[PDB]
Amino acid sequence: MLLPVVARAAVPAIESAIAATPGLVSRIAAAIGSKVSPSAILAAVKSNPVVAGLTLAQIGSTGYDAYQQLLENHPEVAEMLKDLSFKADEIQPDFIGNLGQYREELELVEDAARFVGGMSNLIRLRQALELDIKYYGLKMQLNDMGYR
Amino acid sequence: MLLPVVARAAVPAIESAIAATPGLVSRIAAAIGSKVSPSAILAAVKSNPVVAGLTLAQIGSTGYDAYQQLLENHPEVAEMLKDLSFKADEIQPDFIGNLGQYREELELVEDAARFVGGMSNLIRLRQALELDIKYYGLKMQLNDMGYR
Amino acid sequence: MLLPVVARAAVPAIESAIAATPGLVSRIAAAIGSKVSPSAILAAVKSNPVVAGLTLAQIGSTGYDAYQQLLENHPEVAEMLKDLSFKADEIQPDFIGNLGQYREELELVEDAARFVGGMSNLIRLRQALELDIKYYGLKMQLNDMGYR
Amino acid sequence: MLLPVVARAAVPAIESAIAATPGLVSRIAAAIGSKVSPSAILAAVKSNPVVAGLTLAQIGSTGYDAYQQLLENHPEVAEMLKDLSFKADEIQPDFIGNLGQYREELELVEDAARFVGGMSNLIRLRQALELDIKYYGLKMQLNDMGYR
Amino acid sequence: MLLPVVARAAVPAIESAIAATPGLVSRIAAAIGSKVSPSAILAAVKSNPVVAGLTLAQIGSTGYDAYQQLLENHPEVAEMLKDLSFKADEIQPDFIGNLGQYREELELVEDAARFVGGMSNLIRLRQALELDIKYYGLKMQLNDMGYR
Amino acid sequence: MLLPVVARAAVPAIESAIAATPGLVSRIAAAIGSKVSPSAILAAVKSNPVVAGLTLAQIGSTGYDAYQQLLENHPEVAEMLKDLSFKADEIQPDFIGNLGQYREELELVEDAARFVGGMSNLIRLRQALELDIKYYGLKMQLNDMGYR
Amino acid sequence: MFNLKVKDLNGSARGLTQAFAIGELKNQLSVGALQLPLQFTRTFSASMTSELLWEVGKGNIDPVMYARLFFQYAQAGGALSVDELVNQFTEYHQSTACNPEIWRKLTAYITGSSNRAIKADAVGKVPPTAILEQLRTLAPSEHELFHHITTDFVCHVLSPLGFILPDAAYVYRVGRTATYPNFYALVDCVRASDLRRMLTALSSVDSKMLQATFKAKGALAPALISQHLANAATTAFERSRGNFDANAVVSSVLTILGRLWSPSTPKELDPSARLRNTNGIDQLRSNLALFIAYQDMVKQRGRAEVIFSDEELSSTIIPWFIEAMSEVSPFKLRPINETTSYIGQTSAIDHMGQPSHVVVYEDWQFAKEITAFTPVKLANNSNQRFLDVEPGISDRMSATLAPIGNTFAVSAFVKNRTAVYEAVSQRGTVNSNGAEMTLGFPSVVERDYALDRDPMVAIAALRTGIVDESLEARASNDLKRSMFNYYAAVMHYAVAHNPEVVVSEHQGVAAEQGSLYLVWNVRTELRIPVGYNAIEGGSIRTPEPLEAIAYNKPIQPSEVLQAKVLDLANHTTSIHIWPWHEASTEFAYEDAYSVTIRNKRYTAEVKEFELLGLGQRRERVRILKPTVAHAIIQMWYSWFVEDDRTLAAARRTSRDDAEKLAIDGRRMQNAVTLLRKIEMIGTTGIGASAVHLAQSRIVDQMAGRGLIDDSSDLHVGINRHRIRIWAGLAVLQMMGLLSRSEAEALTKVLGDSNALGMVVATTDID
C-alpha cells in the first residue's frame, strides 16, 4: 500500500493544504476522481501510492517535500506516475524555424570540438585565449624561477 | 504486555485525547469493553497491543501518528487488528448495475492494451498522438542536425 | 550504579516532581524507606536502579516516560521491580459466579472455532455472512467480466 | 586531550555555569588547582579529561548531562576519576549497633528463602498467601470450565 | 533528472530567493537563458542538474547550502559546472614584478628546508630557537630528576 | 578542497562572525595573509582546509564547534595545523626553581607507589586509612553475620 | 540479484545480519570484547529432497511419510503446530482403540455378518473408501487426516483375507523441507519420533494367524476379527503413553547446552560436573545447527528455565533426545563442510588486495524437463478433479528446453560478471566504502513464482527484516521459514571456511538473561578494513557472518544444487486432492513478426498451438510451471541489464582513451555473445517450426505484388540471422521463461548496440 515512512509526512501535508483552502479539495476530487468529501480522498491516499502522487501534483506549494520522499521509497510508481501526470508544453510558433538557422552554426562548433577534445576542453581553451595577457607573463616568470 | 518503545510515544497521545474531551473516554470504554475510568483503559493499553490499537482507531485526530508506529512495533496485533476493526462500506444502490454498462467498454481497452504492451505504454502512446504536431517537427529537425 | 542514559532523564524528572509538591516527598520516603529529606532520596536513586523504579511508581504523572526507558536499559530489575510493586486488584463479589454462566456459551464458540480454523478466521467468516447481499452480487459480476 | 564528541557538549556547559555565577569559578580553581581566571580553567578542561571530570563534579546543576556523556566515551578515566572525587559519608552513631539487632531476623529470612527458592520467589509466594481468598475461588472456577 | 535528495532542499531554496526579490529572477533568466517567468526556471531546475547549479551560483546568500549538497550527490556535473561558471580574477598591475623580487628569497628557504626536513619541521625548529631560554632549563631539570 | 560535511557548518559559522564585527575581518586577513575583503577570505576557506583552520583559531567564540568537526574529517591537517598555530606560553620566573624543591618530595611518593602498586592503588589506600574508624567496625560486623 | 553495502550492514541487509537474530534491532552490537574459543564440527541438514506426490489410499502404511503429512497439514496448513496436532491424535487414538464397540460395528460392516461365522468362499469385496464413509460417523473428528490413517490400518490386516477392493486409489503432496531446523522444527521432529513409534506398531501387524485359522477351520466369527483388531490398536496405544513433552525436552536441552557454551554463565547456575560429562553432550556441544537454533530460542521466549531435575532426570533426557534426532529423520547429522558445498564465491579485486565487488552465488543444475496436464472434474461442483498427463506436447518442450539447458549454467554468469568489474573500474584504491556485496540466490526468486508473490516483498524482507502483514498467512509462513534458511545457510558457509569461531555473550542492552553470538577470527592480510572493524593484528574479528565472508579468497562450488520436477506421470488414475492450480500456468501465446520489404510492412502472426503441431486450439491444458527454469533466466536477465547499465554509466564519465575503447570493446563483445546464444535457441524444435511458418505467412502475403528476388549469397543469411533471433524470443516468451516487458528491453539492448550489424560482419570477406 503506502509506506509509513512516506505516509508519516504525506498525510499531514495533504491535510494542511485542505485546511488552507477548500478550493483544492474540489480539484483533487476531480483529478483523482474521488468523492468530494475531504475524508474520502484522505482515505484514498493511504490506499494507493499512485493516487497519493497525483494529489501531491495538484498541490505543489507545501507538498513538494513529501512527494520527493514518496518518489524515493517508491521507484515503482515513478514510471506510472510520470505518465498519468503530464501536460503538453506550449510550443512557440517561431521556434522550429528559428532553430533551422543554427544548423550552419552548431556544425561549426562540433568541428572545433572534435579537434580539441571533449566539449569541456574547448570551453576551457576558449577562456585561455580570452584570458588577459599578463597571465602568460606570470606563468613564464614562475618558470624563470625554476618552478614547474 | 507492551514493549517500552511503543510506550514513550504512545501513552501520552491517548492521555492527551482524554484530557481534550471526556466524551471519548466513554466510547473507548464501550468498544474495548473496559472500565469507564480513564485510569483503567490506560492500564489496559500498556498490557495488550491489540487493545492499544482499537483505542487509536477510536481517536484518529491526534492518534494516527502513534498507531502507524505501533504497526512496526507489533506484527501480530496489527494482523489481528485489521479484523476486529471493520465497518461495512455503504454501497450505492445504482453501483452494481451502473458497472454492468462498462463491460463492453473495458474489454475494448484490454484489446488495445495487449497490442501495445503494458497498460503503462498505452497511456504513453495515447499522449504521443494527442500531442501537438510541432513536436513531431521538432524531433525531425534535431535528426536533421545529426542529433538523435 | 544506575546507567547514565537513564539517569540523564531520570534525575530531573524526579526533581521536577519534588519541586511540584512536597506531599510526594514524604510518600516516597515512606515507601522506599529513606530519609525524608529530598536530597537523601535523590542520593538513593542514583545508587540503586531498583530504588529508582519504586520512586517512579510513586509518581506516574511526569515520570512514566523515564520509567519505561529505565526498564529498557535494565531488563534485570524488571522481574524484581515487578514484584516489589504490587497491589491486589479489588475483585467484584459477583464476578466469579457471573463467569459460571458463560461455561455453556464459550464451549459453543470453540466448537465453531475448530471447524472453521483459527479464531481469526471465524471472526472474518462471521462478518462475511453478516455482510450485505449486494456484495455477493458485485463479486459475481467481476467474475462475469472475466476478472479473477 | 579530550574527545570532541564530549568537548562539544562539555565546553559550553561549563562556560554557562561560569556566566551564571562567579562564585563557582573560585571553587573549581581551588579544587583543580588552576589559575583563578575563567579562561585558564577552560584551557585546562580541553587538555585533560580527568580535569574535565572534576569540574563537572563541582557543578552538578547544568553539568550532569555532559559528565555522563564524558563517562561513556572515556571508560579509562572512570576508575581514576572515581577516586579523586570522594567524600566520606557521615555515619549515624546509632547505625552499627542498630544493625546488630537484625542479626537474629535476617537469618530467619534466609532460612525461608533457601526453602522456597530465589528471593524473588519468596516475595511472590508471600503475596500469593496475602492475596484475597476470592481469587483462589476464581482460579478454581476457570478450571471447572476446562481452562488451563 | 535531478536527484530527489538534492531537489528536496534545492527547490524551496530557489523559490525562497525568488520571493525575496524579483531582481534575481531576471538575472538567472539571462544567465541560464530561460524564460523570464519564475515558473519557467523552476521547471528547468528540476530537469537538469547543470542548470540547477548555475542558478545556485547566481544566488549565494541562502542557496550555498543546497549547492554543496548538490555537489555531493553529483560528482558528474562538478567538472562541467566548474567550467561554465567562471570569472577572470582581476590581477594587480604590480603583482608579477612584485613577485620577481622574492626569487632570491624563496631559494634561501628551500636550502634551509632540505637540510632540516619537510617544511613542517623547519617551522617547528624555528620556533624551538625563538622559544624562551627558561624552557631549555626546564627540560634539563626533568632529566635531572630522572624523567624522560 | 574542503569536505562538504565540514563546509556545511563551517561557512555560515565564519560568515556569522564576520557579520558580528568587522574588526575580525582585518585580523584574519593579516594572519592568513589574504585580501581584506570578506568575500576573498570566504573564497579561500573553501579552497584549503589548512586555511579554514587558521580562520577558526582567530575566532573561537562561535567557531569552536565547526573547528572540531573539521578536525574529525581531516586528521591530515591536524599535524600541520597544530604547528602553524602556536603561541609560546609565558613562563613564570619562579617556576623552574620552585620545581627544584619538589625533587626530594616526589622521589618519596614513587618509593611508596612501587610498594603498593600503581598510583591508582595508593590513592585508594590513602583514603582507606584516612577513612573513619566506624567503617572498619561495620565491615567486621557483616562478616559476623556471615556475609562476605 | 540482491545488493548490499557491507560497510553499513545494519541498514542494507538486516535479515542476514546476526544483530537481528539475537534481538538487536538497534544498530549497536558488541565488539570482540569478551570471548571463549570453540570449534563446530557437525551440523543437522535436511536430506536433499523436494516435494513429491504420495498417495494415501492404498493399504500400506509407511510411518516416516505419514509423519511428514502431519508436518504439512498442521504447520503449513495454517494450524498452530504439529505438537498440538499429535496430542489431538492420541486423544483420538485413545477414543477408538480403548473403546470395544467401535471395533465391532465396523467389522460388522466389512464382513457383513453380525452374529455368525463367515465361510471361506462367500467373501464379498468392500471398497476402501466405503468403510471410511462410515468410520466418519462412528469416531468423528475435525481432521480427515486421522480417518485416512485408521482406514488404511484395517485395510492392512484385512488385505490378506481379501475383504476389500484393491482398485481404488487416492493422492496428496507432501511438502518441502527446510534444510536447517528452526527451533520449532526440533520440537516437531521430537514429537514425530513418538508418532513414528506409534505407527510402526500399527504398520507391523501381520495377522498371519488370523489367515491360518481361517483357511483350515474354514470359517470365523466377527468375534475373532473384532478382537484381533482391538489387540493391534491397543498395542499402539501402549507405545504412545508416557513420552515427555517435546516442548520441555528441547527447551531444557537447548538451555543446558547454552550454559556450557557461554563463557559468562553465573556460577549460581552452572551445569553440573556430571551432566557436562554425560555421554553425548560432547558431541552435541560441538554441533552448529543447534546453536543457530538456540539463538532463535532466546530470540522468542526471551528466557529459559530448567524444570527437569538438574541432575538425575536431565541425564536420562539427553540420551532420549539424541535417539530422537540421530535416528533417520528429515534431519541427519553431517560433517559441516558438506552442507554448504553448493554455495560459491568470487570477487573483484583492487590492485592492493581488497574487494570492490564480491559475489556469492548458488550454483544450479538447470531443470531440463517439463510436463503438461489436462484437469478433469469428477462431477459438477466436486473438487476431486484428476488430471491427465499428455505426452507429445511435453515431448516437444522437453526436447525444446534441453538445448536451452546447456547454455545457461550459472557459473558462466559470474564468470561473466567479474569480467565486467575488471573493465569498468578505474585505477585507484577503494577507500570510499566497504566493497558492496552482490549475491545471487536463484532459490529466493524461485520460491516466489511457485508461491506467486511479488519479488519486491521478498527482497525487502531481507533488507528491513520484517515481513509485510498485507499478505495472507500462507505466504508469510513460507516466507519467514524461507528467510530463516538463508540466514542459516549463510552461517554454515562462513563457519565452514573459518574454522576458528568464538562465542561471546551479548548484554549491552540487557535484552535477555541468556544470549549468544559468534565472532570470527579471520586472518585478512589486508591493509584497510571493509565493513568496519579496526583490522588490528593482521586478523580481524567480525561478528557479522557476511563480513567474514568478504575476506575469503575465491571459492569454486564443489556440488551442483539440484532442483527436481514434481511427477504427475507415474500415478495417472489416482484423484488429485491437492490444489494444482497454484503450480499450473495457463498456456497461450500470440505474436507477430514484422519485417519491411521494399518499403512496405509485412506482419506474420503466429499462434502457440501451431508451433506445437496441434491443429486445433485446445484450451484446457495447463503447463505445470517451470519454476527453477524461470528462476535462473530471471537471474541472468537482471544481471545482464545490470552489467550493460553500469558500463554505459561509466562509458559516459570514462575520460580516458585507453579505457574508453575497452568499454565499447566490452559492450559489443557482450551483445554479440548475447545474440549468438539466442540464435542457438532458434534452431530448436519450437524454434524451427516457428521459423518455417513465419517465412510462410510473409510469402503468401506478397502474392499480389510482383517484386524482384534476392541474392541470398549473404541475404539468405542476413534474413536468416534475423528471423532466428525472433524465434529466440518467441520460444522464451511462450513458455513462462521471459516476461513480456523484459523481453522488450532485451530487444532494445540488442537493438542499439546494433548487435546484428556486427554479427553479419563476420560472414563477409573484404
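Residues numbered from 1 in each chain as written, not as in the entry; some residues may be left out. Chains lettered and ligands numbered in written order. Part of a larger assembly, values for the part shown. Heavy atoms only, no water.

- Going by the header, the method for this PDB entry is cryo-EM, and the resolution given is 4.0 Å.

1. So, the overall build of chain A
In step 1: What chain A contains, in helices and strands, is 10 helices and 0 strands.
In step 2: The order of α-helices and β-strands along chain A, N terminus first, is α-α-α-α-α-α-α-α-α-α.
In step 3: Against the 2.2 N^0.38 benchmark of 15 Å for 148 residues, chain A shows a C-alpha radius of gyration of 27 Å, more extended than a compact globule.
In step 4: Taken over the C-alpha atoms alone, chain A extends approximately 80 × 45 × 30 Å along its principal axes. (Helix = DSSP H or I, 4+ residues; strand = E, 2+ residues; numbered from the N terminus. Rg over C-alpha atoms; globule rule 2.2 N^0.38 Å.)

2. Observations concerning the pairing of strand 12 (residues 501-504) of chain G
Residues and elements named next belong to chain G.
In step 1: Side-chain alternation along strand 12 places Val501 and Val503 on one buried face and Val502 and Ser504 on a second face that is also buried.
In step 2: Examined bridge by bridge, strand 12 and strand 13 (residues 517-520) share 4 bridges and lie antiparallel to one another. Across the sheet, residue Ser504 finds its bridge partner in strand 13, namely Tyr517. (Buried < 20%, exposed > 50% of the residue type's maximum accessible area, 1.4 Å probe, protein only. Pairing = 2+ DSSP bridges.)

3. Examining the pattern of salt bridges
In step 1: Inspection of every chain in the model, using the stated rule, returns 38 salt bridges over all chains.
In step 2: Between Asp194 of chain G and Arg191 of chain G there is a salt bridge; the shortest N-O distance is 3.2 Å. Taken as a pair, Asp194 of chain G and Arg191 of chain G lie in helix 8 (residues 183-203) at a separation of 3 residues, close to a single helical turn.
In step 3: Owing to a relative accessible area of 8%, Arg191 of chain G belongs among the buried residues under this scheme.
In step 4: When salt bridges that share partners are traced, they join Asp65 and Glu72 of chain A together with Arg8 of chain E into one network. (Salt bridge = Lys/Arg side-chain N within 4 Å of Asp/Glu carboxyl O.)

4. Quick look at helix 5 (residues 64-73) of chain F
In step 1: Of all the residues in helix 5 of chain F, the buried ones are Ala66, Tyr67, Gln68 and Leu70 of chain F.
In step 2: Buried positions along helix 5 of chain F lie against helix 1 (4-20) of chain D together with helix 1 (4-20), helix 4 (49-58) and helix 6 (75-84) of chain F. (Contact = heavy atoms within 4.5 Å.)

5. A word on the packing of helix 5 (residues 64-73) of chain A against helix 6 (residues 75-84) of chain A
Residue and element names in this part refer to chain A.
In step 1: Where helix 5 meets helix 6, the axes come as close as 5 Å, and the angle between the chain directions of the two elements is 120 degrees. With respect to their mutual orientation, helix 5 and helix 6 come out oblique. On helix 6, the residues that touch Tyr67, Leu70, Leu71, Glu72 and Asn73 of helix 5 are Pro75, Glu76, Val77, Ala78 and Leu81.
In step 2: Its residues assigned to classes, the contact of helix 5 with helix 6 shows 7 nonpolar, 1 polar and 2 charged. (Axes fitted to C-alpha atoms, helices over the stretch in contact; angles between N-to-C directions. Parallel < 35°, antiparallel > 145°, perpendicular 65-115°, else oblique. Nonpolar A, V, L, I, M, F, W, Y, C, P; charged D, E, K, R; others polar.)

6. Side note on a nonpolar patch on the surface
In step 1: A cluster of nonpolar side chains, namely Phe115, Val116, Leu125, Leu129, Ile133 and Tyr136 of chain C, defines an oily patch on the protein surface of about 650 Å² accessible area.
In step 2: Only helix 8 (103-116) and helix 9 (119-130) of chain C provide two or more residues apiece to the nonpolar patch. (Patch = residues over 30% accessible without salt bridge, like charges linked within 9 Å, V, L, I, M, F, W, Y side chains within 5 Å. Areas by Shrake-Rupley, 256 points an atom, 1.4 Å probe, with all protein chains shown as cover.)

7. Things to note about the environment of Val109 of chain E
In step 1: Considering the arrangement of structural elements, one finds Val109 of chain E in helix 8 (residues 103-116).
In step 2: With relative accessibility at 29%, the residue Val109 of chain E sits in the partly exposed group.

8. Re the interface of chain C and chain D
In step 1: With 21 residues of chain C in contact, the opposing surface of chain D contributes 19 residues.
In step 2: Taking both sides of the interface into account, the surface hidden between chain C and chain D amounts to around 1800 Å²; carbon and sulfur atoms contribute 62%.
In step 3: Between chain C and chain D we count 2 salt bridges in total.
In step 4: The shortest N-O distance in the salt bridge between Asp65 of chain D and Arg8 of chain C comes to 2.7 Å.
In step 5: Seen at the junction of chain C and chain D, the total is 6 residue pairs in polar contact.
In step 6: When contributions to the side of chain C that touches chain D are tallied by element, the ones reaching two or more residues are helix 1 (4-20), helix 6 (75-84), helix 7 (95-100) and helix 8 of chain C.
In step 7: It is helix 7 of chain C that provides the largest number of residues to the side of chain C that touches chain D, a total of 5 residues.
In step 8: Of the residues in the side of chain C that touches chain D, the class split is 13 nonpolar, 2 polar and 6 charged. (Buried area = accessible area lost by both parts, 1.4 Å probe. Polar contact = N/O pair within 3.5 Å; in protein donor to acceptor, adjacent residues only side chain to side chain.)

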